[PDB]
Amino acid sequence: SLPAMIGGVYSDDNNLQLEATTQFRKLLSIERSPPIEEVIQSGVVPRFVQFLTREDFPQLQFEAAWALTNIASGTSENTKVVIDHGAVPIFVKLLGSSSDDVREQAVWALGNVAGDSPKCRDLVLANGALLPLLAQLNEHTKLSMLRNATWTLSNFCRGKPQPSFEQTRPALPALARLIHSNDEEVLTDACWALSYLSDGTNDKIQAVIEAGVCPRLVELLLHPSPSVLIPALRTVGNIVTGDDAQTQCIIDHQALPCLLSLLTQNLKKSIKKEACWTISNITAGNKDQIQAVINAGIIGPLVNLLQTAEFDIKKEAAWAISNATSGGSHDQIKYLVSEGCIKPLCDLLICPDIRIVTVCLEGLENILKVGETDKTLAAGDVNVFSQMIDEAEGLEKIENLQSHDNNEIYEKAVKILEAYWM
């Protein structure tokens, strides 16, 4: 069986070559446990790479490109064999073939090489695969090509350390057009690619925003498929980690009522946790951005999550309420208190996460300054919010934080007690 396939690919007869390349392809196209290792050991990989350059025989090109796609879909050691036989520059060249079938297979193959690791991803981009990949993207592009290329594009952006920004910047106009598709697969892969490009410094977020993605990304927060929603939510969340102007791009497109609906629907814990992290990066902004959070009606259900939800959700909801106390106005902080935020912030003071203790302590302190301003202005006998902290059992918790190992938590507790309980 196999010594006839090797002889066929190693023969110089066009029909013998196509017959055994189809046989090798079929053997590599099997469901689970493909004999990729045995196909490599048969010494046929360099012949398939040679069969890629045969532009007078497009059927063999496609069969050889599909067999190499499946070898490149295995282990890193299998992907390296494809790289060592110089397939990467030949697949970039095959993106300019008269055959739609060869172009599509070359796109998949490069996606599989770029998918292996940041090193392999970097080799594909250094071989200039990005521009010709984007060149076969237009209004006459078939759905199968739109899906293969959008998935390859996501692999070009994928991994840590991230690719150079100048290297993935040409992708942004194409990705902004691809998120307008109604195909869930295209949407999933374009959202994944945008979640990678937006994960970083503010100069990256700025370019993502200038491509005009914010209105369509907000709409995608309401996509019924979680496959779309997960990278959509992550992209929105990465954009709002930028400056106030960058964060405003998302808020202007009614994202806050959309983010609220993710907190009130019967959704996965990981989706609610991400919505809370997103909201927290918005309450980390200016007084107008906090107002928009208040206006959307998020504070109420956020305070309930801060009190009743699973620890990972409570963590993000803690950062969201505390951020609002940090940048917020006097009357906004008071609105947070009237929505019942003091008790749940107090209850997380004995929490084993020192970061969360510090966040809730800062939130309670910010609230205390406001309560003090009300006392001074009205010549009152007591700080109303210091009474509420004591009623919520928060006072005894702050007094106990004087025994905490952490200096920052200790020094905070002492500073709070000296300024409000002497």
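Residue numbers here begin at 1 and follow the sequence given.
Novice: When the C-alpha temperature factors are averaged for each of 154-162 and 138-146, which stretch ends up with the higher value in the entry?
Specialist: Looking at the recorded C-alpha B-factors, 138-146 comes out higher on average.
Novice: Mind pulling up the entry and telling me whether 96-104 or 281-289 has the higher mean Cα temperature factor?
Specialist: That would be 96-104.
Novice: So where's residue 331 on the chain's Cα temperature factor ranking, which third?
Specialist: Residue 331: CA B-factor falls in the highest third of its chain.
Novice: Residue 352: which third of its chain by C-alpha temperature factor?
Specialist: Highest third.
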